[PDB]
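The chain below stands alone, shown as structure tokens; this is the form solved without its partner chain.
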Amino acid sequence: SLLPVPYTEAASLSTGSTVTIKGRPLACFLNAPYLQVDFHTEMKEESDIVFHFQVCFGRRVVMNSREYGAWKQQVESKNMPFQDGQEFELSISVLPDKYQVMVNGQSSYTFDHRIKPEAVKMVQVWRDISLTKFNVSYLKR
């Protein structure tokens, strides 16, 4: 739709930051579209990933980190609040101990910090979605 995908925005994160994403899958769930949100340590796409969030719509969610080029311990979830054929609202909050992912207002995943959020310099949103809104909040000290 309106925002380019893959979507890249230079970003900084700290405790209390919220990343808000509104979008829609590009295919019915039967065809297994993906969504991926990566919090990167540099603007280069090859850079480390502090928080990797990958939705296989209708099937599972995978979370991990890529640290000095290597993927670490995968977290796999079958929780699937996303609805077939529907627009979704995604909110990722930077809490002191973890990321908290809200989906359409509902707490849906959390992921403990493995690298401090201050290491983030870029956010990329990509795979089989269109996007109409992306925001990183910058209200807190």
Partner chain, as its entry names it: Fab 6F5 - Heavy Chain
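Positions refer to the first chain, counted from 1.
Asker: Name the higher of the two by mean Cα B-factor in the PDB entry, 120-128 versus 8-16.
Answerer: Comparing 120-128 with 8-16, the higher average CA B-factor belongs to 8-16.
Asker: Between 60-68 and 79-87, which has the larger average Cα B-factor in the PDB entry?
Answerer: 79-87 has the higher mean C-alpha B-factor.
Asker: Based on what the PDB entry reports, which of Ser107, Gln74, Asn31, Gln54 has the top C-alpha B-factor?
Answerer: Checking the PDB record, the top C-alpha B-factor among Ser107, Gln74, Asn31, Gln54 is at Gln74.
Asker: Looking at the temperature factor on the CA atom of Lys98, which third of the chain's modelled residues does it land in?
Answerer: Within its chain, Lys98 is a lowest-third residue by C-alpha B-factor, going by the deposited values.
Asker: Relative to the other modelled residues of the same chain, rank the CA B-factor of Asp38 and answer lowest, middle or highest third.
Answerer: Lowest third.
Asker: Considering only modelled residues of the same chain, in which third does the CA B-factor of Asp48 rank: lowest, middle or highest?
Answerer: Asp48: CA B-factor falls in the lowest third of its chain.
One more form of this protein should be noted, the form solved in complex with its partner chain, which is absent from this view; the next part is about it.
Asker: Answer for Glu67 alone: is it within 4.5 Å of its partner chain in the entry with it bound, judged on heavy atom distances?
Answerer: Yes - in the entry with it bound, heavy atoms of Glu67 and its partner chain come within 4.5 Å of each other.
Asker: Is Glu87 close to its partner chain in the entry with it bound, meaning a heavy atom pair under 4.5 Å apart or at it?
Answerer: Looking in the entry with it bound, residue contacts with its partner chain do not include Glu87, since no heavy atom lies within 4.5 Å.
Asker: Quick one: which residues from 99-117 get a non-hydrogen atom within 4.5 Å of its partner chain in the entry with it bound?
Answerer: If the 4.5 Å heavy-atom criterion is applied to its partner chain in the entry with it bound, 99-117 yields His113, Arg114, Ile115, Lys116.
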